[PDB]
Amino acid sequence: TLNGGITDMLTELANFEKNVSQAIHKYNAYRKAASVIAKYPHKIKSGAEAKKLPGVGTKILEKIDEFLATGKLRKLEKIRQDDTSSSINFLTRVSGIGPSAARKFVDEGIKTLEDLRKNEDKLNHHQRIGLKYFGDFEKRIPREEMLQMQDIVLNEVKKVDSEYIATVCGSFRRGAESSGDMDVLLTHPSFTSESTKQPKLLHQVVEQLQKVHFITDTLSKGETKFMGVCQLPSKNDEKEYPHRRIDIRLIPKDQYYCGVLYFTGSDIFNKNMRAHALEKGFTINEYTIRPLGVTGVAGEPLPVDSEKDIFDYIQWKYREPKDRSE
DNA sequence: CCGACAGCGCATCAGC
DNA sequence: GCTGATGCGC
DNA sequence: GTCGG
Ligand SMILES: Cc1cn([C@H]2C[C@H](O)[C@@H](COP(=O)(O)OP(=O)(O)[C@@H](C)P(=O)(O)O)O2)c(=O)[nH]c1=O
Ligand SMILES: [Cl-]
Ligand SMILES: [Cl-]
Ligand SMILES: [Cl-]
Ligand SMILES: [Mg+2]
Ligand code: NA
Ligand code: NA
């Protein structure tokens with residue numbers, strides 16, 4: 001990509017802050033700057049030039065100058081020389097392993113992919129699966145595969161009940177050419193915002209997808225959220241597709257638009273939009289938009305008929321999913 | 001010169 | 001077992 | 001780390 005050098009650096013800095021420092025605002029600052037730069041259709045040649053974009057302040061500006069001049073960051077070289085931090089950065093790439101589990105493992109002398117394999121009994125279920133599929137989960141899903149996955153999931157939910165609506169969100173809905181996981185948003189008139197007539201709903205869908213061996217593994221399971229692992233069927237005599245992460249959300253019909261807004265993101269876009277909502281006197285989550293009080297008490301949910309209704313409330317021009325890719 | 005920084009679902013852990 | 005906190009992930 | 005007040 002055009003400014004890939006700069007964006008890789010920022011991302012590497014962001015990972016350090018998330019995985020080691022646990023400084024979540026520095027994480028998002030680097031992450032935000034990285035995304036506005038990656039969207040900038042011009043090759044940044046200086047920090048000063050960069051400083052003109054939003055999210056880019058004084059310190060990223062300086063780091064962009066150092067990187068452009070040397071092809072490196074002293075900060076990043078020292079991190080790379082730090083053995084404990086480096087071990088932590090690697091282990092956190094396994095699904096289910098965050099900074100806390102990474103540090104526990106390192107002190108137990110568990111610091112490599114093979115170390116994990118030799119000590120599987122020290123891993124919880126999520127981490128076992130994260131380890132089992134570690135290679136697969138380093139691989140992105142081509143949009144074309146997302147389409148076949150879409151096709152399977154949308155038909156299966158109709159098979160369990162033709163009144164089900166399944167919407168594929170996340171990066172796919174923003175039009176991305178490849179996606180990290182599959183995010184599926186699900187409704188049914190039986191689950192509405194105040195009375196759930198029939199629970200079990202999410203379980204039936206999961207049950208069917210397991211039955212046809214699309215869903216292969218379970219990470220988490222509740223009334224509104226399933227997290228797991230799925231896989232496209234391969235044709236005769238060929239390499240299986242990689243296993244993929246899937247997240248399915250069951251949301252009331254009356255909350256569908258807040259749900260699809262949330263699940264489409266992106267995460268940086270959601271934080272920006274939600275911050276602006278706060279500054280305009282509202283609060284947005286995946287279910288509702290609510291008025292805010294003088295003392296911060298949340299009011300009752302506002303009527304929502306479309307995604308654009310939510311943008312209107314906080315006085316934003318509607319933005320297509322394709323331009324929410326912050 | 002500093003405080004704010006989005007919001008939530010589910011699994012596990014610590015202490016009882 | 002429960003409460004409440006942490007952990008990890010959308 | 002950045003941004004707004
Ligand atoms: C992580 C996160 C997510 N989301 C919302 C918004 C977010 O879009 C949605 C899906 O989360 P994905 O982690 O799947 O993000 P994605 O856009 O699908 C993309 C990075 P890919 O999966 O192709 O790698 O959940 C948030 O609102 N806040 C968050 O912190
Ligand atoms: Cl921070
Ligand atoms: Cl470097
Ligand atoms: Cl709510
Ligand atoms: Mg996704
Ligand atoms: Na700026
Ligand atoms: Na991880």
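Naming: A, B, ... by sequence-line order, numbering from 1 per chain.
What separates CG of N28(A) from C1' of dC3(D) is a distance of 14 Å, to the nearest Å. The nearest whole Å value for the distance from the CZ atom in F137(A) to the P atom in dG9(C) is 11 Å. Taking atom CG of residue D267(A) and atom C1' of nucleotide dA6(B), one finds them 11 Å apart after rounding to whole Å. As rounded to whole Å, 13 Å separates atom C1' of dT2(D) from atom NZ of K63(A). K32(A) has its NZ atom 14 Å from the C1' atom of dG4(D), to the nearest Å. One interatomic measurement links the two molecules: CE of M227(A) to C1' of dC8(C), which rounds to 8 Å at whole-angstrom precision. Rounded to an integer number of Å, the gap from CD of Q127(A) to P of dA11(B) is 14 Å. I246(A) places its CD1 atom 16 Å from the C1' atom of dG9(B), with the value rounded to the nearest Å.
For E279(A), the side-chain atoms get nearest to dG4(D) when compared with the rest of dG9(C), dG4(D), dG7(B). Comparing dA6(B), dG1(D), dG9(C) by their nearest atom to the side chain of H126(A) picks out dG9(C). Each of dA6(B), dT2(D), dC10(B) was ranked by its minimum atom distance to the side chain of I60(A); first place goes to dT2(D). Counting only heavy atoms from C-beta on, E286(A) has its side chain closest to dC8(B) among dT12(B), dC8(B), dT2(D). When each of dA11(B), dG7(B), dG1(D) is scored by its nearest atom to the side-chain atoms of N285(A), the top-ranked nucleotide is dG7(B).
Here the rule is side-chain contact (heavy atoms from CB on, under 4.5 Å) with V260(A), and of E286(A), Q255(A), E307(A) only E307(A) fits it.
When heavy atoms are screened at a 4.0 angstrom cut-off, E17(A) is found touching no nucleic acid atom at all. Counting non-hydrogen atoms under 4.0 angstrom, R31(A) reaches nothing in the nucleic acid. Using a 4.0 Å heavy-atom distance criterion, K221(A) is classed as a sugar-phosphate-only contact. Within the 4.0 angstrom heavy-atom criterion, only backbone atoms of the sugar-phosphate kind lie near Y287(A); the bases stay farther away. Looking at heavy-atom distances under 4.0 Å, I24(A) makes no contact with the nucleic acid at all.
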Steps toward salt bridge (charged side-chain N to carboxylate O under 4.0 Å, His left out) verdict (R80(A), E12(A)): CA-CA 10 Å; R80(A) 240 119 60 178; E12(A) 191 174 349; 2.7 Å; yes
Intermediate values then yes/no, salt bridge (charged side-chain N to carboxylate O under 4.0 Å, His left out), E114(A) and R117(A): CA-CA 5 Å; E114(A) 187 57 27; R117(A) 291 198 180 116; 3.5 Å; yes
Check against side-chain contact (heavy atoms from CB on, under 4.5 Å), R143(A) and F172(A): CA-CA 7 Å; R143(A) 183 164 185 94; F172(A) 172 82; 3.4 Å; yes
side-chain contact (heavy atoms from CB on, under 4.5 Å) assessment of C230(A) paired with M149(A): CA-CA 9 Å; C230(A) 65; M149(A) 299 163 71; 3.6 Å; yes
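Using a 4.0 Å cut-off between a side-chain N of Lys or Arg and a carboxylate O of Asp or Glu, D312(A) and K308(A) qualify as a salt bridge. One finds a salt bridge joining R93(A) and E138(A) here, because a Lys/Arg side-chain nitrogen approaches an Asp/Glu carboxylate oxygen to under 4.0 Å. Ion pairing of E120(A) with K132(A) is absent here, as no side-chain N (NZ or NE/NH1/NH2) approaches a carboxylate O to less than 4.0 Å.
If you take atom P in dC3(D) and the same atom in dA6(B), they sit 14 Å apart, rounded to whole Å.
Annotation: proximity of residues 97-104 of chain A to DNA chain C (heavy atom, distance under 4.0 Å) is found for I97(A), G98(A), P99(A), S100(A), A101(A), numbered in ascending order.
Residues that satisfy the ring-ring contact (aromatic ring centres under 6.0 Å, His included) test with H243(A), not counting sequence neighbours, are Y133(A).
Nucleotides of DNA chain B nearest to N124(A) and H25(A) differ in position, and the one nearer the 5' end is that of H25(A). Nearest-nucleotide assignment on DNA chain B puts the 5′-proximal partner with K271(A), out of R249(A) and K271(A).
Judged on ring centres (limit 5.5 Å) and ring planes (limit 30°), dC5(B) and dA6(B) do not form a stacked step.
Between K225(A) and the phosphate of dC10(B), there is no side-chain N or O to OP1/OP2 separation shorter than 4.0 Å. Contact annotation: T283(A) side-chain N/O to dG7(B) OP1/OP2 distance is under 4.0 Å.
For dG1(D), the base has no donor-acceptor partner in the side chain of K26(A) [N/O atoms by modelled type, under 3.5 angstrom].
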